[PDB]
$ cat coords.pdb   # PDB, C-alpha atoms and all ligand atoms
MODEL        1
ATOM      1  CA  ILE D 116      50.189 -22.981 311.807  1.00  0.00           C
ATOM      2  CA  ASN D 117      50.565 -21.203 315.232  1.00  0.00           C
ATOM      3  CA  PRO D 118      54.053 -19.950 316.388  1.00  0.00           C
ATOM      4  CA  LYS D 119      53.897 -21.182 320.077  1.00  0.00           C
ATOM      5  CA  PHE D 120      54.251 -24.708 318.661  1.00  0.00           C
ATOM      6  CA  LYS D 121      56.874 -23.902 316.028  1.00  0.00           C
ATOM      7  CA  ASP D 122      59.756 -25.578 317.966  1.00  0.00           C
ATOM      8  CA  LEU D 123      57.850 -28.798 318.489  1.00  0.00           C
ATOM      9  CA  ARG D 124      56.745 -28.831 314.872  1.00  0.00           C
ATOM     10  CA  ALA D 125      60.236 -28.181 313.543  1.00  0.00           C
ATOM     11  CA  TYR D 126      61.725 -31.021 315.665  1.00  0.00           C
ATOM     12  CA  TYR D 127      59.105 -33.603 314.864  1.00  0.00           C
ATOM     13  CA  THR D 128      59.258 -32.929 311.130  1.00  0.00           C
ATOM     14  CA  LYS D 129      63.016 -33.652 310.948  1.00  0.00           C
ATOM     15  CA  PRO D 130      64.218 -36.480 308.660  1.00  0.00           C
ATOM     16  CA  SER D 131      65.094 -39.743 310.559  1.00  0.00           C
ATOM     17  CA  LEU D 132      67.461 -42.555 309.522  1.00  0.00           C
ATOM     18  CA  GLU D 133      67.305 -46.222 310.565  1.00  0.00           C
ATOM     19  CA  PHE D 134      70.461 -48.244 310.821  1.00  0.00           C
ATOM     20  CA  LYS D 135      70.035 -51.954 311.375  1.00  0.00           C
ATOM     21  CA  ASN D 136      72.421 -54.905 312.058  1.00  0.00           C
ATOM     22  CA  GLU D 137      75.242 -52.606 312.791  1.00  0.00           C
ATOM     23  CA  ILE D 138      78.258 -52.370 315.011  1.00  0.00           C
ATOM     24  CA  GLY D 139      78.640 -49.816 317.746  1.00  0.00           C
ATOM     25  CA  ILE D 140      82.050 -48.451 318.945  1.00  0.00           C
ATOM     26  CA  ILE D 141      82.416 -46.655 322.282  1.00  0.00           C
ATOM     27  CA  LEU D 142      85.661 -44.765 322.835  1.00  0.00           C
ATOM     28  CA  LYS D 143      87.018 -43.335 326.060  1.00  0.00           C
ATOM     29  CA  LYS D 144      84.887 -40.507 327.630  1.00  0.00           C
ATOM     30  CA  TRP D 145      85.998 -37.039 326.597  1.00  0.00           C
ATOM     31  CA  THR D 146      83.108 -34.905 327.724  1.00  0.00           C
ATOM     32  CA  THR D 147      80.186 -35.003 330.209  1.00  0.00           C
ATOM     33  CA  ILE D 148      78.372 -37.902 328.435  1.00  0.00           C
ATOM     34  CA  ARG D 149      79.495 -40.929 326.386  1.00  0.00           C
ATOM     35  CA  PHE D 150      78.765 -41.795 322.756  1.00  0.00           C
ATOM     36  CA  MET D 151      78.303 -44.906 320.678  1.00  0.00           C
ATOM     37  CA  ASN D 152      79.845 -44.440 317.253  1.00  0.00           C
ATOM     38  CA  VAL D 153      78.018 -46.121 314.270  1.00  0.00           C
ATOM     39  CA  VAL D 154      79.453 -46.133 310.735  1.00  0.00           C
ATOM     40  CA  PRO D 155      76.888 -47.294 308.219  1.00  0.00           C
ATOM     41  CA  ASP D 156      78.048 -45.131 305.357  1.00  0.00           C
ATOM     42  CA  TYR D 157      80.816 -42.535 304.963  1.00  0.00           C
ATOM     43  CA  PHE D 158      79.768 -40.739 308.137  1.00  0.00           C
ATOM     44  CA  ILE D 159      80.427 -41.421 311.743  1.00  0.00           C
ATOM     45  CA  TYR D 160      77.288 -40.988 313.825  1.00  0.00           C
ATOM     46  CA  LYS D 161      77.615 -40.233 317.482  1.00  0.00           C
ATOM     47  CA  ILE D 162      74.795 -41.566 319.510  1.00  0.00           C
ATOM     48  CA  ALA D 163      74.494 -40.148 323.013  1.00  0.00           C
ATOM     49  CA  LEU D 164      74.181 -42.746 325.742  1.00  0.00           C
ATOM     50  CA  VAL D 165      71.519 -41.287 328.025  1.00  0.00           C
ATOM     51  CA  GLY D 166      69.273 -42.868 330.572  1.00  0.00           C
ATOM     52  CA  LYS D 167      69.696 -46.608 330.877  1.00  0.00           C
ATOM     53  CA  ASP D 168      72.099 -46.664 327.976  1.00  0.00           C
ATOM     54  CA  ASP D 169      75.009 -45.442 330.050  1.00  0.00           C
ATOM     55  CA  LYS D 170      75.422 -48.461 332.242  1.00  0.00           C
ATOM     56  CA  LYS D 171      74.195 -50.791 329.494  1.00  0.00           C
ATOM     57  CA  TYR D 172      77.069 -50.255 327.027  1.00  0.00           C
ATOM     58  CA  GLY D 173      80.698 -50.209 328.186  1.00  0.00           C
ATOM     59  CA  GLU D 174      83.766 -49.027 326.364  1.00  0.00           C
ATOM     60  CA  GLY D 175      84.485 -51.047 323.243  1.00  0.00           C
ATOM     61  CA  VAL D 176      82.616 -52.828 320.505  1.00  0.00           C
ATOM     62  CA  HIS D 177      78.935 -53.710 320.519  1.00  0.00           C
ATOM     63  CA  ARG D 178      77.464 -55.888 317.739  1.00  0.00           C
ATOM     64  CA  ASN D 179      73.915 -56.622 316.612  1.00  0.00           C
ATOM     65  CA  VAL D 180      72.825 -53.104 317.373  1.00  0.00           C
ATOM     66  CA  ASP D 181      70.049 -51.204 315.588  1.00  0.00           C
ATOM     67  CA  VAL D 182      69.758 -47.415 315.871  1.00  0.00           C
ATOM     68  CA  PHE D 183      66.818 -45.042 315.113  1.00  0.00           C
ATOM     69  CA  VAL D 184      68.506 -41.763 314.382  1.00  0.00           C
ATOM     70  CA  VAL D 185      67.297 -38.037 314.376  1.00  0.00           C
ATOM     71  CA  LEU D 186      70.079 -35.583 313.745  1.00  0.00           C
ATOM     72  CA  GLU D 187      69.995 -32.747 316.228  1.00  0.00           C
ATOM     73  CA  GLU D 188      71.961 -29.714 317.219  1.00  0.00           C
ATOM     74  CA  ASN D 189      74.154 -30.106 320.313  1.00  0.00           C
ATOM     75  CA  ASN D 190      76.655 -28.466 322.615  1.00  0.00           C
ATOM     76  CA  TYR D 191      79.455 -31.014 321.991  1.00  0.00           C
ATOM     77  CA  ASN D 192      80.531 -29.568 318.623  1.00  0.00           C
ATOM     78  CA  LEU D 193      79.441 -32.840 316.943  1.00  0.00           C
ATOM     79  CA  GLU D 194      78.220 -32.861 313.401  1.00  0.00           C
ATOM     80  CA  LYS D 195      76.189 -36.046 313.275  1.00  0.00           C
ATOM     81  CA  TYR D 196      74.627 -36.399 316.657  1.00  0.00           C
ATOM     82  CA  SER D 197      71.491 -38.212 317.934  1.00  0.00           C
ATOM     83  CA  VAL D 198      70.169 -39.244 321.341  1.00  0.00           C
ATOM     84  CA  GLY D 199      69.159 -42.738 322.332  1.00  0.00           C
ATOM     85  CA  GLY D 200      67.259 -44.953 319.923  1.00  0.00           C
ATOM     86  CA  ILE D 201      69.576 -47.957 320.318  1.00  0.00           C
ATOM     87  CA  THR D 202      68.054 -51.392 320.315  1.00  0.00           C
ATOM     88  CA  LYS D 203      69.204 -54.953 319.962  1.00  0.00           C
ATOM     89  CA  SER D 204      68.904 -56.304 316.425  1.00  0.00           C
ATOM     90  CA  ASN D 205      66.233 -58.917 315.626  1.00  0.00           C
ATOM     91  CA  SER D 206      66.658 -62.586 316.623  1.00  0.00           C
ATOM     92  CA  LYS D 207      64.173 -63.531 313.977  1.00  0.00           C
ATOM     93  CA  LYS D 208      61.539 -62.337 311.521  1.00  0.00           C
ATOM     94  CA  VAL D 209      59.024 -59.876 312.896  1.00  0.00           C
ATOM     95  CA  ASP D 210      55.893 -58.832 311.094  1.00  0.00           C
ATOM     96  CA  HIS D 211      53.446 -57.219 313.519  1.00  0.00           C
ATOM     97  CA  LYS D 212      51.033 -54.302 313.271  1.00  0.00           C
ATOM     98  CA  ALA D 213      49.361 -52.131 315.951  1.00  0.00           C
ATOM     99  CA  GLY D 214      46.076 -50.301 315.357  1.00  0.00           C
ATOM    100  CA  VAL D 215      46.173 -46.563 315.927  1.00  0.00           C
ATOM    101  CA  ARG D 216      43.107 -44.469 317.031  1.00  0.00           C
ATOM    102  CA  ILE D 217      43.235 -40.667 316.805  1.00  0.00           C
ATOM    103  CA  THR D 218      40.870 -38.184 318.312  1.00  0.00           C
ATOM    104  CA  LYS D 219      41.464 -34.479 317.760  1.00  0.00           C
ATOM    105  CA  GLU D 220      39.737 -31.410 319.220  1.00  0.00           C
ATOM    106  CA  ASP D 221      40.245 -27.886 317.858  1.00  0.00           C
ATOM    107  CA  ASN D 222      40.394 -24.585 319.637  1.00  0.00           C
ATOM    108  CA  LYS D 223      36.979 -24.199 317.813  1.00  0.00           C
ATOM    109  CA  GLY D 224      35.623 -27.310 319.583  1.00  0.00           C
ATOM    110  CA  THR D 225      35.538 -29.299 316.293  1.00  0.00           C
ATOM    111  CA  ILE D 226      36.194 -32.985 316.904  1.00  0.00           C
ATOM    112  CA  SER D 227      37.828 -35.285 314.348  1.00  0.00           C
ATOM    113  CA  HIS D 228      38.662 -38.983 314.352  1.00  0.00           C
ATOM    114  CA  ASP D 229      41.132 -40.999 312.345  1.00  0.00           C
ATOM    115  CA  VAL D 230      42.770 -44.418 312.261  1.00  0.00           C
ATOM    116  CA  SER D 231      45.916 -46.020 310.923  1.00  0.00           C
ATOM    117  CA  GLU D 232      48.041 -49.024 311.565  1.00  0.00           C
ATOM    118  CA  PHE D 233      51.552 -48.858 312.694  1.00  0.00           C
ATOM    119  CA  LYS D 234      53.807 -51.575 311.210  1.00  0.00           C
ATOM    120  CA  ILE D 235      56.329 -53.158 313.497  1.00  0.00           C
ATOM    121  CA  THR D 236      59.256 -55.054 312.019  1.00  0.00           C
ATOM    122  CA  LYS D 237      61.538 -54.994 315.084  1.00  0.00           C
ATOM    123  CA  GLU D 238      61.625 -57.301 318.138  1.00  0.00           C
ATOM    124  CA  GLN D 239      62.875 -54.462 320.287  1.00  0.00           C
ATOM    125  CA  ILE D 240      61.827 -50.856 319.602  1.00  0.00           C
ATOM    126  CA  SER D 241      62.868 -47.619 321.279  1.00  0.00           C
ATOM    127  CA  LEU D 242      60.421 -45.181 322.768  1.00  0.00           C
ATOM    128  CA  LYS D 243      62.321 -42.672 320.621  1.00  0.00           C
ATOM    129  CA  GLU D 244      61.168 -44.311 317.459  1.00  0.00           C
ATOM    130  CA  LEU D 245      57.487 -44.791 318.528  1.00  0.00           C
ATOM    131  CA  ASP D 246      57.345 -41.215 319.813  1.00  0.00           C
ATOM    132  CA  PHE D 247      59.012 -39.736 316.804  1.00  0.00           C
ATOM    133  CA  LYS D 248      57.283 -41.617 314.016  1.00  0.00           C
ATOM    134  CA  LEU D 249      53.811 -41.180 315.431  1.00  0.00           C
ATOM    135  CA  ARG D 250      54.165 -37.457 316.028  1.00  0.00           C
ATOM    136  CA  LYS D 251      55.497 -36.940 312.561  1.00  0.00           C
ATOM    137  CA  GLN D 252      52.399 -38.733 311.247  1.00  0.00           C
ATOM    138  CA  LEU D 253      50.123 -36.609 313.472  1.00  0.00           C
ATOM    139  CA  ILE D 254      51.719 -33.486 312.106  1.00  0.00           C
ATOM    140  CA  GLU D 255      51.503 -34.491 308.438  1.00  0.00           C
ATOM    141  CA  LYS D 256      48.044 -36.085 308.562  1.00  0.00           C
ATOM    142  CA  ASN D 257      46.286 -34.442 311.540  1.00  0.00           C
ATOM    143  CA  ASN D 258      47.829 -31.000 311.662  1.00  0.00           C
ATOM    144  CA  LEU D 259      49.424 -31.576 315.125  1.00  0.00           C
ATOM    145  CA  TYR D 260      51.301 -28.410 316.235  1.00  0.00           C
ATOM    146  CA  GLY D 261      49.356 -26.300 313.723  1.00  0.00           C
ATOM    147  CA  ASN D 262      46.139 -25.313 315.436  1.00  0.00           C
ATOM    148  CA  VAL D 263      46.623 -27.395 318.656  1.00  0.00           C
ATOM    149  CA  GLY D 264      49.620 -29.033 320.286  1.00  0.00           C
ATOM    150  CA  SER D 265      48.804 -30.745 323.536  1.00  0.00           C
ATOM    151  CA  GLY D 266      47.458 -34.139 324.530  1.00  0.00           C
ATOM    152  CA  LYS D 267      48.880 -37.639 324.601  1.00  0.00           C
ATOM    153  CA  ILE D 268      50.002 -40.764 322.672  1.00  0.00           C
ATOM    154  CA  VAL D 269      49.506 -43.905 324.749  1.00  0.00           C
ATOM    155  CA  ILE D 270      51.069 -47.188 323.630  1.00  0.00           C
ATOM    156  CA  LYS D 271      49.160 -50.076 325.199  1.00  0.00           C
ATOM    157  CA  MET D 272      50.947 -53.368 325.714  1.00  0.00           C
ATOM    158  CA  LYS D 273      49.339 -56.815 325.324  1.00  0.00           C
ATOM    159  CA  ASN D 274      50.108 -57.534 328.983  1.00  0.00           C
ATOM    160  CA  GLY D 275      48.115 -54.481 330.160  1.00  0.00           C
ATOM    161  CA  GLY D 276      50.862 -51.823 330.727  1.00  0.00           C
ATOM    162  CA  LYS D 277      51.029 -48.323 329.117  1.00  0.00           C
ATOM    163  CA  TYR D 278      53.723 -45.789 327.912  1.00  0.00           C
ATOM    164  CA  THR D 279      52.406 -42.253 327.551  1.00  0.00           C
ATOM    165  CA  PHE D 280      54.050 -39.445 325.611  1.00  0.00           C
ATOM    166  CA  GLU D 281      52.761 -35.932 326.438  1.00  0.00           C
ATOM    167  CA  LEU D 282      52.436 -33.851 323.328  1.00  0.00           C
ATOM    168  CA  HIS D 283      52.982 -30.422 324.799  1.00  0.00           C
ATOM    169  CA  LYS D 284      56.740 -31.079 325.141  1.00  0.00           C
ATOM    170  CA  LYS D 285      59.523 -33.154 323.520  1.00  0.00           C
ATOM    171  CA  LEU D 286      59.935 -36.694 324.710  1.00  0.00           C
ATOM    172  CA  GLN D 287      62.355 -36.567 327.700  1.00  0.00           C
ATOM    173  CA  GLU D 288      65.933 -37.542 326.578  1.00  0.00           C
ATOM    174  CA  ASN D 289      66.364 -40.254 329.150  1.00  0.00           C
ATOM    175  CA  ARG D 290      63.222 -41.854 327.740  1.00  0.00           C
ATOM    176  CA  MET D 291      64.643 -41.932 324.146  1.00  0.00           C
ATOM    177  CA  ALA D 292      66.886 -44.757 325.443  1.00  0.00           C
ATOM    178  CA  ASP D 293      64.089 -46.950 326.871  1.00  0.00           C
ATOM    179  CA  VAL D 294      63.199 -49.981 324.864  1.00  0.00           C
ATOM    180  CA  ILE D 295      60.196 -52.243 324.589  1.00  0.00           C
ATOM    181  CA  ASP D 296      59.243 -55.560 323.050  1.00  0.00           C
ATOM    182  CA  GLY D 297      57.647 -54.496 319.655  1.00  0.00           C
ATOM    183  CA  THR D 298      55.766 -57.826 319.569  1.00  0.00           C
ATOM    184  CA  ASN D 299      54.031 -56.753 322.798  1.00  0.00           C
ATOM    185  CA  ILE D 300      52.456 -53.637 321.584  1.00  0.00           C
ATOM    186  CA  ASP D 301      48.671 -54.124 321.377  1.00  0.00           C
ATOM    187  CA  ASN D 302      47.397 -50.788 320.117  1.00  0.00           C
ATOM    188  CA  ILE D 303      47.955 -47.060 320.170  1.00  0.00           C
ATOM    189  CA  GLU D 304      45.553 -44.343 321.283  1.00  0.00           C
ATOM    190  CA  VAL D 305      46.113 -40.669 320.524  1.00  0.00           C
ATOM    191  CA  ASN D 306      44.242 -37.720 322.013  1.00  0.00           C
ATOM    192  CA  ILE D 307      45.074 -34.286 320.575  1.00  0.00           C
ATOM    193  CA  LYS D 308      43.644 -31.319 322.530  1.00  0.00           C
TER     194      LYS D 308
HETATM  195 CL    CL H 401      83.184 -40.484 320.634  1.00  0.00          CL
HETATM  196 CL    CL H 402      77.752 -42.163 302.449  1.00  0.00          CL
HETATM  197 CL    CL H 403      64.717 -59.366 310.268  1.00  0.00          CL
ENDMDL
END

$ encode --input "coords.pdb" --output "structure tokens"
Amino acid sequence: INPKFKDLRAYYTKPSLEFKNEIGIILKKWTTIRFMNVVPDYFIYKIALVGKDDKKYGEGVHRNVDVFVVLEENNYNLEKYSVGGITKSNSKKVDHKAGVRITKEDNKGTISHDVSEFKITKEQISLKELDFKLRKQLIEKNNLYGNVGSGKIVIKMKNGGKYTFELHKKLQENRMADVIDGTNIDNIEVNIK
């Protein structure tokens, strides 16, 4: 485990929480960004509204919301804070899978291959969740951010289109708020260099 990747490895090995079929509460702005409050247990989670989420959710109550949460440190003196990951709750049952192909190349030049399948149980999924779950898998199973920490994850959609997450840096915050049709994910290709 190499220190120039220690930040990336620490972030992508955090615990995540998934809150489904919840209610979101947006209070009046009190700092430079707005938050959606979610209360699934005895804690109040503040979810930053970044990217498209700002114009998407007005002040007030928002029902049928699902959130993929990763507690992070912040400059707003908030205890339970997470960015993006908000999706609309399911309209119906979803039971879809996407095949994952991994190729890894060492600093030695050693090349490995691996495969898995990524289960999808949500009609609408955030890039935050795809990005986060996959990297965590890559770290735990393929030693991502140990020996090497660059490359890409590419989610391919059934219609043709692609979303690519560059491994050398965290997923951009504005992108943690983008959302896609889970049912339209075809397969996932990962190249670790
Ligand atoms: Cl708030
Ligand atoms: Cl609790
Ligand atoms: Cl469901």

$ atom_distance --input "coords.pdb" --atom1 "CA of residue 161 (chain D)" --atom2 "CA of residue 240 (chain D)"
19.1 Å

$ residues_near_ligand --input "coords.pdb" --ligand "ligand CL 403 (chain H)" --cutoff "8 Å" --atoms "only C-alpha atoms and all ligand atoms" --output "list in words"
residues 205, 206, 207, 208, 209, 236 and 237 of chain D

$ closest_atom_pairs --input "coords.pdb" --of "region 131-226 of chain D" --to "region 265-271 of chain D" --cutoff "12 Å" --atoms "all atoms listed in the file" --output "Markdown table"
| residue | atom | partner | partner_atom | distance |
| --- | --- | --- | --- | --- |
| D:213 | CA | D:270 | CA | 9.3 |
| D:214 | CA | D:270 | CA | 10.2 |
| D:215 | CA | D:270 | CA | 9.1 |
| D:216 | CA | D:268 | CA | 9.6 |
| D:217 | CA | D:268 | CA | 9.0 |
| D:218 | CA | D:266 | CA | 9.9 |
| D:219 | CA | D:266 | CA | 9.0 |
| D:220 | CA | D:266 | CA | 9.8 |
| D:221 | CA | D:265 | CA | 10.7 |
| D:222 | CA | D:265 | CA | 11.1 |

$ closest_residue --input "coords.pdb" --among "D:301, D:174, D:168, D:255" --to "ligand CL 401 (chain H)" --atoms "all atoms listed in the file"
D:174

$ residues_near_ligand --input "coords.pdb" --ligand "ligand CL 402 (chain H)" --cutoff "7 Å" --atoms "all atoms listed in the file" --output "ChimeraX atom specification"
/D:156-158

$ write_last_selection --input "coords.pdb" --atoms "C-alpha atoms" --output "short mmCIF file (atom, residue, chain, number, x, y, z; two decimals), in the coordinates of the input"
data_model
loop_
_atom_site.label_atom_id
_atom_site.label_comp_id
_atom_site.auth_asym_id
_atom_site.auth_seq_id
_atom_site.Cartn_x
_atom_site.Cartn_y
_atom_site.Cartn_z
CA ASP D 156 78.05 -45.13 305.36
CA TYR D 157 80.82 -42.54 304.96
CA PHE D 158 79.77 -40.74 308.14
#

$ resolve_selection --input "coords.pdb" --expression "the PyMOL selection byres (((chain D and resi 120-135) around 6) and not hetatm)" --output "number ranges by chain"
D: 118-119, 136-137, 181-185, 251, 260

$ residues_near_ligand --input "coords.pdb" --ligand "ligand CL 401 (chain H)" --cutoff "8 Å" --atoms "all atoms listed in the file" --output "PDB file with C-alpha atoms, in the frame of the given file"
ATOM      1  CA  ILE D 141      82.416 -46.655 322.282  1.00  0.00           C
ATOM      2  CA  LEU D 142      85.661 -44.765 322.835  1.00  0.00           C
ATOM      3  CA  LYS D 143      87.018 -43.335 326.060  1.00  0.00           C
ATOM      4  CA  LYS D 144      84.887 -40.507 327.630  1.00  0.00           C
ATOM      5  CA  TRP D 145      85.998 -37.039 326.597  1.00  0.00           C
ATOM      6  CA  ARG D 149      79.495 -40.929 326.386  1.00  0.00           C
ATOM      7  CA  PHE D 150      78.765 -41.795 322.756  1.00  0.00           C
ATOM      8  CA  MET D 151      78.303 -44.906 320.678  1.00  0.00           C
ATOM      9  CA  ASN D 152      79.845 -44.440 317.253  1.00  0.00           C
ATOM     10  CA  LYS D 161      77.615 -40.233 317.482  1.00  0.00           C
TER      11      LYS D 161
END

$ residues_around --input "coords.pdb" --residues "residue 295 (chain D)" --least-positions-apart "6" --cutoff "8 Å" --atoms "all atoms listed in the file" --output "list in words"
residues 239, 240, 241 and 242 of chain D

$ resolve_selection --input "coords.pdb" --expression "the PyMOL selection byres (((chain D and resi 196) around 7) and not hetatm)" --output "ChimeraX atom specification"
/D:160-162,186-187,193-195,197

$ resolve_selection --input "coords.pdb" --expression "the PyMOL selection byres (((chain D and resi 231) around 12) and not hetatm)" --output "number ranges by chain"
D: 212-218, 228-230, 232-234, 249, 252-253, 256-257, 302-305

$ closest_residue --input "coords.pdb" --among "D:199, D:167, D:188, D:210" --to "residue 286 (chain D)" --atoms "only C-alpha atoms"
D:199

$ atom_distance --input "coords.pdb" --atom1 "CA of residue 290 (chain D)" --atom2 "CA of residue 155 (chain D)"
24.4 Å

$ atom_distance --input "coords.pdb" --atom1 "CA of residue 245 (chain D)" --atom2 "CA of residue 294 (chain D)"
10.0 Å

$ closest_residue --input "coords.pdb" --among "D:297, D:159, D:146, D:173" --to "residue 190 (chain D)" --atoms "only C-alpha atoms"
D:146

$ closest_residue --input "coords.pdb" --among "D:307, D:198, D:138, D:291" --to "residue 258 (chain D)" --atoms "only C-alpha atoms"
D:307

$ closest_residue --input "coords.pdb" --among "D:285, D:273, D:211, D:250" --to "residue 306 (chain D)" --atoms "all atoms listed in the file"
D:250

$ closest_residue --input "coords.pdb" --among "D:140, D:308, D:203, D:177" --to "residue 262 (chain D)" --atoms "only C-alpha atoms"
D:308

$ axis_aligned_box --input "coords.pdb" --around "region 271-284 of chain D" --padding-each-side "5 Å" --output "JSON"
{"center_x": 52.4, "center_y": -44.0, "center_z": 327.0, "size_x": 18.6, "size_y": 37.1, "size_z": 17.4}
